[PDB]
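K.L.:
For reference, the structure I am asking about is given below.
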Amino acid sequence: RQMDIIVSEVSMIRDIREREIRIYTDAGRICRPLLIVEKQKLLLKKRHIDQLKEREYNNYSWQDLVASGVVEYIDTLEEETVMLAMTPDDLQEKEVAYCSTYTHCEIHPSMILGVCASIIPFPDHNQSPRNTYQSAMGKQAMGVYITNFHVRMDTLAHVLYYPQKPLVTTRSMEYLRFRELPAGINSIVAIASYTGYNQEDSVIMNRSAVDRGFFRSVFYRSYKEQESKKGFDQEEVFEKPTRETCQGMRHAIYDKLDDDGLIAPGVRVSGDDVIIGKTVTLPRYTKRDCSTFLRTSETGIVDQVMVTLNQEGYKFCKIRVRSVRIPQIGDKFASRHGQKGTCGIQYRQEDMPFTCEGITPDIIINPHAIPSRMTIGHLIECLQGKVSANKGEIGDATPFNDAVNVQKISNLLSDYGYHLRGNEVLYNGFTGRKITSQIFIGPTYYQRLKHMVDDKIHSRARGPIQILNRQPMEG
Amino acid sequence: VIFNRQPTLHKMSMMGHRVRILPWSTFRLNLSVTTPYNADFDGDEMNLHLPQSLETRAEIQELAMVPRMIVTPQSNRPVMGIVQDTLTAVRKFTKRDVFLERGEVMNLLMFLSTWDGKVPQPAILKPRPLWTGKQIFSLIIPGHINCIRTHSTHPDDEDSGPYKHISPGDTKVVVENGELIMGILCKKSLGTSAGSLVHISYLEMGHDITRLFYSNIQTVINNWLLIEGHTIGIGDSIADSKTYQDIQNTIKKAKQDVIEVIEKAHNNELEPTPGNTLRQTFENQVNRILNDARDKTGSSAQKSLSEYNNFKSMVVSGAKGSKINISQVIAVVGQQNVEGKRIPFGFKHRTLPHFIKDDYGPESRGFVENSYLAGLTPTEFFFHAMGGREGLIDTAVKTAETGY
Amino acid sequence: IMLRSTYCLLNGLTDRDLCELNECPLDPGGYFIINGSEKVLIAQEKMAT
Amino acid sequence: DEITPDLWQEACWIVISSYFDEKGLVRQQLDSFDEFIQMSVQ
Amino acid sequence: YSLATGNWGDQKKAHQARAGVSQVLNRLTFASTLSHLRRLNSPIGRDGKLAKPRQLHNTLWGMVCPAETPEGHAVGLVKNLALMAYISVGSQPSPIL
Amino acid sequence: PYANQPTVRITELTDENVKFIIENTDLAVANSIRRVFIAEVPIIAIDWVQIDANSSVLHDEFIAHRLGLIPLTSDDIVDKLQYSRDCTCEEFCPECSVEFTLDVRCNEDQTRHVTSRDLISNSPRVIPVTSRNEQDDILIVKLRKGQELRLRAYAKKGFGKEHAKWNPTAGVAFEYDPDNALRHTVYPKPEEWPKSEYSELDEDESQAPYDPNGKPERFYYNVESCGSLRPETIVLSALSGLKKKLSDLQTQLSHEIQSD
Amino acid sequence: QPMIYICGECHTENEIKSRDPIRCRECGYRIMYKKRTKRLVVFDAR
Amino acid sequence: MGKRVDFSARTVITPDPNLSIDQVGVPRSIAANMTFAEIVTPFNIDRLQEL
Amino acid sequence: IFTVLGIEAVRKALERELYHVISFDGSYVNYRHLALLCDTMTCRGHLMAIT
Amino acid sequence: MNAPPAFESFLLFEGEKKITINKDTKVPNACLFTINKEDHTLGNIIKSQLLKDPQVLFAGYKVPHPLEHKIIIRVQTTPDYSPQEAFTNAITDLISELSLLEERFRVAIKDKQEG
Amino acid sequence: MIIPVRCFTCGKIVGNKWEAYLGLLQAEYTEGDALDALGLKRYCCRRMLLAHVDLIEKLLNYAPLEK
RNA sequence: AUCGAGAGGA
Ligand SMILES: [Mg+2]
Ligand SMILES: [Zn+2]
Ligand SMILES: [Zn+2]
Ligand SMILES: [Zn+2]
């Protein structure tokens with residue numbers, strides 16, 4: 001604890017019943033930081049918090065906190081000998097003392113979660129499989145994967161037009177930089193049965209919201225190519241092919257290519273089009289077409305073309321093509337609670353149900369997705385988000401927080417002229433009649449997932465066949 | 001076309017469909033035919049095969065079409081029934097106090113394919129003409145079928161006392177000459193079970209009439225649910241303070257009884273029962289204290305519910321959920337088990353480093369005394385994650401061995 | 001070389017300097033670039049020695 | 001001197017912030033590679 | 001080669017080598033990149049149907065995320081670091097001795 | 001068997017919204033008027049873009065989509081212009097569209113906000129609403145020193161049924177029976193619900209006594225304008241367009257009865 | 001015919017013929033980008 | 001025992017309350033790419049000539 | 001059961017055990033399917049494993 | 001890939017007509033009006049106005065499929081009346097209502113702006 | 001990456017309010033009070049301003065392709 | 001194109 005000869009990552013376990021003292025300095029030991037506890041008292045005093053508050057002036061950092069003997073890294077094997085306080089409230093003298101001999105305290109229990117589970121708001125109000133499914137699906141959510149995406153020639157990349165930070169957030173996301181590169185949009189979710197097009201894990205989206213850019217994304221796809229001069233026997237070269245010299249020329253037109261054989265940026269390209277005109281010298285004479293076509297049925301625009309030399313040093317070309325993906329029926333969307341579903345139908349703003357103040361939901365999800373799944377975090381997030389949007393906040397959905405429960409959120413929401421439980425009177429968009437049931441509606445953070453239907457739809461009728469067995473190809 | 005979903009488990013996983021060309025780029029399915037395919041719409045994909053000859057087309061038309069597939073030979077009962085929104089909404093629609101106006105009735109009759117064009121005489125003519133939901137479902141019901149069922153909330157002591165044939169709760173479904181004489185329809189009447197209205201329709205009427213029956217229930221009920229609406233929110237997960245404080249009193253019994261048992265075991269006041277070691281008897285005795293607690297708190301939460309509650313609405317209809325789900329959302333999540341036992345001592349005689357050694361109390365071994373609305377404590381959260389991981393492993397490991 | 005490691009050219013650079021090399025300041029590093037492809041080493045569990 | 005409960009909920013998060021100001025999220029990768037280059041190769 | 005393919009071992013022993021090390025970094029979204037950089041892997045073999053190594057052990061508390069795990073064939077074998085988890089880099093025991 | 005005799009009472013009229021009450025009409029008529037506010041009131045909006053140069057950090061479709069959503073003053077011009085379907089010209093002409101140019105280049109160090117004020121029109125009547133002679137101008141794109149955006153747009157006539165950019169409303173509040181007298185809603189717990197702004201009840205009373213013989217009358221509207229039209233112009237256009245749809249339907253109906 | 005490219009480092013206009021190694025003649029940088037085409041691509045602002 | 005086949009299509013499934021149970025809603029693109037070989041007869045000569 | 005009572009006894013008992021496995025979770029399968037499985041399993045005078 | 005143009009919902013294809021009238025042989029004095037490229041906006045008002053006619057025995061409408069862009073209106077009248085005549089009178093009454101509403105809204109604006 | 005032009009829900013213009021919103025925030029308004037000053041009644045438009053992340057400001061830290 | 005690997009989806 002003094003940063004003397006023993007470094008911080010050294011584990012020192014005393015098994016008492018068997019008289020071993022096992023000291024470990026090797027690598028690969030997973031450990032975590034914990035607050036040391038005096039007799040029944042944190043060593044972390046207000047002086048440490050004060051110095052930490054001005055961390056940017058007096059260069060008082062974490063590593064001084066460790067050097068002060070206030071924090072300690074404990075490995076899994078040494079936890080067996082440690083008596084942990086979940087919070088300093090456990091250190092507090094009680095009518096019946098549970099332990100009274102604690103040695104360490106959690107900094108915060110929410111640090112048991114990882115990167116993707118630290119995104120979930122109110123994860124302790126969900127069934128745990130739902131938290132696992134979200135931790136999986138946050139990795140398929142679109143956003144801005146990195147700030148310098150304009151210069152990266154990634155094979156596949158999805159960028160959301162209008163990423164938003166969640167209105168209801170956890171205090172862990174401040175370190176995941178989710179606020180700075182968020183992967184979703186706050187959507188006005190109504191949980192309702194409306195026309196039957198959201199049944200069995202499906203959603204009804206607002207066509208008008210989609211027209212305004214709601215969950216619109218851009219898909220970037222990069223195509224490689226290189227002209228190999230491996231030997232005088234045969235050499236490839238980028239050049240606009242010609243019908244008179246090239247042998248394996250498809251019937252697709254090559255007019256979009258330039259002299260150099262490379263398409264130019266800003267050119268609209270449809271499926272089966274040519275972006276690189278490459279010809280290889282033969283042993284329809286003395287050169288055969290080996291051009292690069294678009295991956296079929298894409299219909300994008302050439303975002304940019306880069307030319308350079310590879311390691312060995314022949315020409316090398318990268319072409320990024322850009323395709324705007326507007327959400328549509330069959331695109332998969334998810335909240336942060338394992339509630340995934342495809343778009344069942346899109347209604348225009350006049351067809352959607354509306355509140356007395358003409359707010360239509362961006363998304364309508366079916367109430368039958370809640371009861372078996374027990375994703376109460378979804379409902380609490382919706383209510384907290386209504387409070388946050390009406391109050392001008394960002395809600396605190398950190399997992400284990402006794403200063404935030406459903407009652408106090410409901411009391412807050414009732415102060416803004418809303419039903420305290422997040423229900424509203426909606427009117428049928430088609431007829432304008434009030435719906436007899438008051439619908440639960442509010443802001444919820446939704447995610448657009450990589451799984452778009454246009455990348456999955458496929459059909460065949462007498463296409464190509466495999467060489468070995470003359471059967472249809474795969475994929 | 002043959003429409004198929006993988007894994008192709010039984011003969012209803014590949015059925016014949018007639019093609020309907022529609023704008024966007026997905027395969028659009030009816031909602032009753034999702035249960036045979038085990039299909040939902042969270043990104044599922046399905047395969048379409050087009051027979052290429054009149055021979056095979058006739059074969060699929062006469063053998064494999066969906067209406068011919070309504071009743072499965074596996075369990076002599078329908079394989080597809082009425083499903084989520086239509087089932088919740090038909091439960092709400094056939095309640096005794098559903099009265100439809102003239103315009104609403106005409107709007108619903110627009111969606112009956114098998115309608116003779118005759119508006120039925122309203123059940124109430126004065127002071128206002130009002131039709132009932134049973135009166136319109138009677139028009140949906142085909143042929144002249146006869147059926148007796150009981151709604152899921154039917155009390156078991158009602159068939160004995162008076163009011164057998166005039167049910168106070170509008171349970172005891174009676175369809176007679178194709179008219180819903182009485183009762184609230186639900187999973188027991190329109191689901192996949194044996195003797196239901198859909199089964200009896202398939203047996204008495206053909207597969208064509210039953211196809212139309214399915215479609216008509218869905219269209220009429222969905223267009224009525226456009227008026228009625230169905231939702232779920234926080235208000236359905238709340239209970240009154242009486243109920244909360246009953247549940248807390250029950251849990252504090254349960255813990256304080258488990259403490260009783262723990263001292264008896266500690267003082268050797270506890271003797272084994274036949275067929276079990278002392279450890280196993282203590283574990284039984286604690287688990288049966290805590291299951292009594294979980295059942296009692298669940299009962300309290302159930303009785304606290306109103307008939308405006310949407311959790312209850314979906315559980316009575318049988319559309320989705322169960323009473324145990326309501327108990328976990330409102331009352332208490334309960335004991336988390338790993339391999340059928342309480343949470344194991346993965347540390348030295350400890351489930352976590354936050355407990356003292358040799359702590360067999362309910363908290364320590366994975367009893368979640370909170371609801372999902374209350375929120376789990378960090379230890380409860382970890383133990384619940386352990387139990388859910390057990391479920392995920394089971395789901396991911398049974399498939400290979402069952403498929404083999 | 002693992003990116004943002006001590007022997008990486010991006011080591012100790014400011015957010016200015018990273019942007020001015022066409023690098024994202026929020027990029028954590030921790031991966032290699034082999035043949036232009038970003039490769040990440042997954043920690044491998046093993047039974048202690 | 002003592003952090004009272006009313007302050008705890010930001011004392012703790014202040015501490016957590018400092019940790020992530022010092023370490024980050026990929027500290028294990030960078031430290032492993034650094035140790036490999038400084039020690040393991042030699 | 002070994003960082004490019006992930007086959008961890010000599011190129012000649014391409015079958016005795018253990019693959020899955022050195023994966024292509026997920027750049028779909030920032031969370032996927034962070035998680036992939038904090039990914040741990042238990043080389044028990046996905047073919048194994050014993051649940052014990054896939055169970056969430058009590059000792060994962062504070063070290064590994066209780067929730068983040070693939071729900072397919074590797075459930076509980078591929079894990080993720082908890083946020084404040086730090087894997088020790090190794091040190092010399094001579095000062096201690 | 002005959003028409004309603006609806007009455008109107010306008011309770012608020014600003015440049016931003018119109019709050020009015022229609023009284024003695026059917027709920028279907030009221031909702032069709034509400035729907036026409038959103039979906040069948042034509043305005044002018046950019047529906048054709050040609051990017052001559054775009055060095056900005058937003059790709060070309062992003063700029064185009066963003067330009068389409070800028071409201072253009074459509075008050076007197078929208079009735080005069082034709083749909084390009086109906087125009088007997090080529091792709092464009094002044095009788096069916098409006099030209100816009102934008103040509104901005106950031107020369108200084110210091111970030112250039114390409115706003116709707118840089119959208120220069122050939123028609124002085126059809127201009128960006130924010131540019132009209134307070135509220136700032138809609139931000140099209142931020143440009144760094146060396147970046148440049150030069151484009152040529154054409155704005156056309158359409159309504160919200162084709163695309164939300166032709167929707168003139170910024171929210172249509174619609175209400176009826178503020179006190180739940182018709183019981184078209186059924187509150188489980190009527191005391192928990194806040195009162196409507198149009199409610200006429202003492203605070204002890206949660207909802208009005210049930211009216212068995214009532215129907216919906218006295219529908220309350222708050223039509224907020226995005227800026228392209230005035231709200232009263234939105235309502236008058238909506239009434240004309242709904243009517244005038246009905247007239248076209250009548251004409252086709254007469255032909256179809258004739259022909260039988 | 002000229003097919004002018006831009007430098008990734010120095011952003012310099014420069015013409016390069018075929019069968020020429022790709023290298024900027026300001027600064028020798030190895031990566032070059034094609035200029036935006038001069039055809040007329042139309043966008044519906046939707 | 002199993003093999004790849006022609007005249008097959010695959011895509012995401014979506015709800016449709018307005019289809020009968022025996023109907024499947026299919027895209028124009030799948031239907032335009034999938035074909036059925038219909039034999040010509042005086043019964044269908046004219047219709048098939050339009051197609 | 002086969003060794004002690006014989007092929008028809010084990011046919012009956014195997015029916016019984018499969019029915020117990022199937023119905024323990026409240027499920028139901030038509031008896032003709034269990035009967036056909038158990039007959040395939042015993043029609044040759046010995047216990048034929050499904051392997 | 002499969003997105004219909006947004007104009008399809010309201011524009012008419014060549015050779016397909018706005019409205020088609022069909023006997024309903026079910027019952028006497030009933031007709032089906034299939035109206036193309038309209039939606040709930042006109043269907044609801046026409047149906048409600050028809051429900052005002054005491055000589056109309058049935059008035060209903062449906063959008064058979066939201067992805068399709070037609071409505072069906074079924075009208076049954078008394079034997080001395082006609083569903084075509086009922087439909088015509090309903091449209092005429094709606095037009096007169098909307099004209100009156102427009103004039104009164106103009107007056108109400110007139111008054112609001114000046115007082 | 002940049003403030004949307006319209007509110008996704010109602011279609012109210014919010015694209016001219018980001019700069020004013022930031023100016024009000026540095027003027028020591030609370031976020032709610034600032035949203036009230038800009039006339040965003042509805043929690044949808046308040047969502048639009050309150051949840052916006054101005055990523056374009058970071059994208060402008062990179063030099064363009066042409067000088 | 002083949003092979004292998006990996007990551008994912010239901
Ligand atoms: Mg599924
Ligand atoms: Zn013109
Ligand atoms: Zn250069
Ligand atoms: Zn809004």
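How things are named: the first chain in the structure tokens is A, the next is B, and so on; residues count from 1 in each chain; ligands count from 1 in the order shown.
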Could you give me the residues within 10 Å of ligand 2, counting only C-alpha atoms (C1' of nucleotides) and all ligand atoms, as a list in words?
P.N.:
residues 81, 82, 83, 84, 85, 86, 87, 88, 89, 90, 91, 92, 93, 94, 95, 96, 97, 98 and 156 of chain F
K.L.:
Give the residue list for ligand 3 at 8 Å, counting only C-alpha atoms (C1' of nucleotides) and all ligand atoms, as a JSON list (two decimals) with N, CA, C and O atoms, in the first residue's frame, sorted by chain and then by residue number.
P.N.:
```json
[["chain", "number", "residue", "atom", "x", "y", "z"],
["G", 6, "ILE", "N", -5.23, 14.04, -56.45],
["G", 6, "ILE", "CA", -4.94, 14.89, -55.31],
["G", 6, "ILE", "C", -4.06, 14.10, -54.35],
["G", 6, "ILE", "O", -4.20, 12.89, -54.22],
["G", 7, "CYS", "N", -3.15, 14.80, -53.69],
["G", 7, "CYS", "CA", -2.29, 14.16, -52.71],
["G", 7, "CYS", "C", -3.01, 14.03, -51.37],
["G", 7, "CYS", "O", -3.71, 14.94, -50.93],
["G", 8, "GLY", "N", -2.82, 12.87, -50.73],
["G", 8, "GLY", "CA", -3.39, 12.66, -49.41],
["G", 8, "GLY", "C", -2.70, 13.46, -48.31],
["G", 8, "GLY", "O", -3.34, 13.76, -47.30],
["G", 9, "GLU", "N", -1.43, 13.79, -48.49],
["G", 9, "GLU", "CA", -0.64, 14.57, -47.54],
["G", 9, "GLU", "C", -0.75, 16.07, -47.78],
["G", 9, "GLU", "O", -1.10, 16.82, -46.87],
["G", 10, "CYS", "N", -0.38, 16.51, -48.98],
["G", 10, "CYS", "CA", -0.21, 17.93, -49.29],
["G", 10, "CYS", "C", -1.35, 18.50, -50.13],
["G", 10, "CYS", "O", -1.37, 19.71, -50.36],
["G", 11, "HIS", "N", -2.30, 17.67, -50.56],
["G", 11, "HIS", "CA", -3.53, 18.15, -51.19],
["G", 11, "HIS", "C", -3.24, 18.90, -52.48],
["G", 11, "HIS", "O", -3.90, 19.89, -52.81],
["G", 12, "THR", "N", -2.24, 18.42, -53.23],
["G", 12, "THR", "CA", -1.73, 19.11, -54.42],
["G", 12, "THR", "C", -2.30, 18.52, -55.70],
["G", 12, "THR", "O", -2.47, 17.31, -55.82],
["G", 23, "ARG", "N", 3.23, 8.91, -57.18],
["G", 23, "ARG", "CA", 4.01, 9.56, -56.14],
["G", 23, "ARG", "C", 3.84, 11.06, -56.36],
["G", 23, "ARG", "O", 3.96, 11.53, -57.49],
["G", 24, "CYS", "N", 3.49, 11.79, -55.29],
["G", 24, "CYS", "CA", 3.19, 13.22, -55.40],
["G", 24, "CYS", "C", 4.47, 14.03, -55.54],
["G", 24, "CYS", "O", 5.48, 13.71, -54.91],
["G", 25, "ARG", "N", 4.42, 15.10, -56.35],
["G", 25, "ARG", "CA", 5.69, 15.73, -56.70],
["G", 25, "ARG", "C", 5.97, 17.10, -56.08],
["G", 25, "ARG", "O", 7.06, 17.63, -56.27],
["G", 26, "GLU", "N", 5.04, 17.66, -55.32],
["G", 26, "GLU", "CA", 5.40, 18.14, -53.98],
["G", 26, "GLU", "C", 6.17, 17.22, -53.06],
["G", 26, "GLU", "O", 7.34, 17.49, -52.80],
["G", 27, "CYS", "N", 5.56, 16.19, -52.52],
["G", 27, "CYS", "CA", 6.06, 15.66, -51.27],
["G", 27, "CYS", "C", 6.35, 14.17, -51.32],
["G", 27, "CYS", "O", 6.77, 13.61, -50.31],
["G", 28, "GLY", "N", 6.16, 13.53, -52.47],
["G", 28, "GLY", "CA", 6.48, 12.13, -52.58],
["G", 28, "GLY", "C", 5.50, 11.21, -51.91],
["G", 28, "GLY", "O", 5.78, 10.00, -51.82],
["G", 29, "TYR", "N", 4.37, 11.72, -51.43],
["G", 29, "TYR", "CA", 3.40, 10.88, -50.76],
["G", 29, "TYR", "C", 2.83, 9.85, -51.73],
["G", 29, "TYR", "O", 2.66, 10.11, -52.92]]
```
K.L.:
As JSON, numbers by chain, please: the residues near residue 33 of chain K (cut-off 12 Å, only C-alpha atoms (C1' of nucleotides), same-chain neighbours under 6 positions excluded).
P.N.:
{"A": [389, 390, 391, 392, 393], "K": [21, 24, 25, 27, 39, 40, 41, 46, 50]}
K.L.:
Generate the output file for the selected residues, N, CA and C atoms, as a PDB file, in the first residue's frame.
P.N.:
```pdb
ATOM      1  N   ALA A 389     -37.030  14.491 -20.908  1.00  0.00           N
ATOM      2  CA  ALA A 389     -37.340  15.373 -22.023  1.00  0.00           C
ATOM      3  C   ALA A 389     -38.181  16.556 -21.569  1.00  0.00           C
ATOM      4  N   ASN A 390     -39.116  16.334 -20.644  1.00  0.00           N
ATOM      5  CA  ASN A 390     -39.932  17.434 -20.147  1.00  0.00           C
ATOM      6  C   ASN A 390     -39.182  18.340 -19.185  1.00  0.00           C
ATOM      7  N   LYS A 391     -38.138  17.836 -18.538  1.00  0.00           N
ATOM      8  CA  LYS A 391     -37.387  18.574 -17.536  1.00  0.00           C
ATOM      9  C   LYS A 391     -36.115  19.205 -18.075  1.00  0.00           C
ATOM     10  N   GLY A 392     -35.582  18.708 -19.185  1.00  0.00           N
ATOM     11  CA  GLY A 392     -34.322  19.196 -19.698  1.00  0.00           C
ATOM     12  C   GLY A 392     -33.154  18.586 -18.957  1.00  0.00           C
ATOM     13  N   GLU A 393     -33.181  17.266 -18.801  1.00  0.00           N
ATOM     14  CA  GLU A 393     -32.199  16.522 -18.028  1.00  0.00           C
ATOM     15  C   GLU A 393     -31.463  15.590 -18.972  1.00  0.00           C
TER      16      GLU A 393
ATOM     17  N   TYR K  21     -29.348  27.418 -28.719  1.00  0.00           N
ATOM     18  CA  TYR K  21     -29.369  26.571 -27.534  1.00  0.00           C
ATOM     19  C   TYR K  21     -28.019  26.583 -26.833  1.00  0.00           C
ATOM     20  N   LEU K  24     -27.446  29.903 -25.158  1.00  0.00           N
ATOM     21  CA  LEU K  24     -28.186  29.997 -23.907  1.00  0.00           C
ATOM     22  C   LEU K  24     -27.530  29.160 -22.821  1.00  0.00           C
ATOM     23  N   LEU K  25     -26.973  28.008 -23.189  1.00  0.00           N
ATOM     24  CA  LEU K  25     -26.328  27.169 -22.190  1.00  0.00           C
ATOM     25  C   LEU K  25     -25.080  27.835 -21.633  1.00  0.00           C
ATOM     26  N   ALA K  27     -24.739  30.930 -21.360  1.00  0.00           N
ATOM     27  CA  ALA K  27     -25.297  32.042 -20.604  1.00  0.00           C
ATOM     28  C   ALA K  27     -25.872  31.609 -19.263  1.00  0.00           C
ATOM     29  N   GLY K  39     -38.791  27.900 -27.321  1.00  0.00           N
ATOM     30  CA  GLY K  39     -40.136  27.570 -27.734  1.00  0.00           C
ATOM     31  C   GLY K  39     -40.379  26.114 -28.031  1.00  0.00           C
ATOM     32  N   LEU K  40     -39.558  25.215 -27.499  1.00  0.00           N
ATOM     33  CA  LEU K  40     -39.772  23.782 -27.655  1.00  0.00           C
ATOM     34  C   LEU K  40     -40.651  23.323 -26.501  1.00  0.00           C
ATOM     35  N   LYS K  41     -41.957  23.243 -26.763  1.00  0.00           N
ATOM     36  CA  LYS K  41     -42.946  22.856 -25.770  1.00  0.00           C
ATOM     37  C   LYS K  41     -42.825  21.376 -25.521  1.00  0.00           C
ATOM     38  N   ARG K  46     -37.903  18.899 -27.479  1.00  0.00           N
ATOM     39  CA  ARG K  46     -36.947  18.939 -26.387  1.00  0.00           C
ATOM     40  C   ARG K  46     -36.011  17.745 -26.447  1.00  0.00           C
ATOM     41  N   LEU K  50     -32.088  18.231 -26.736  1.00  0.00           N
ATOM     42  CA  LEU K  50     -31.453  17.798 -25.504  1.00  0.00           C
ATOM     43  C   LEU K  50     -30.559  16.586 -25.708  1.00  0.00           C
TER      44      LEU K  50
END
```
K.L.:
Once you count only C-alpha atoms (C1' of nucleotides) and all ligand atoms, which residues end up within 6 Å of ligand 4, and could you hand them over as a VMD selection string?
P.N.:
chain K and resid 7 9 to 12 42 44 to 45
K.L.:
Distance limit 12 Å, reference ligand 1, atoms considered: only C-alpha atoms (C1' of nucleotides) and all ligand atoms. Which residues make the cut? Give them as a list in words.
P.N.:
residues 200, 201, 202, 332, 339, 340, 341 and 342 of chain A; 5, 6, 7, 34, 35, 37, 38, 39, 40, 41, 42, 43, 44, 45 and 46 of chain B; 12, 13 and 14 of chain H; 9 and 10 of chain L
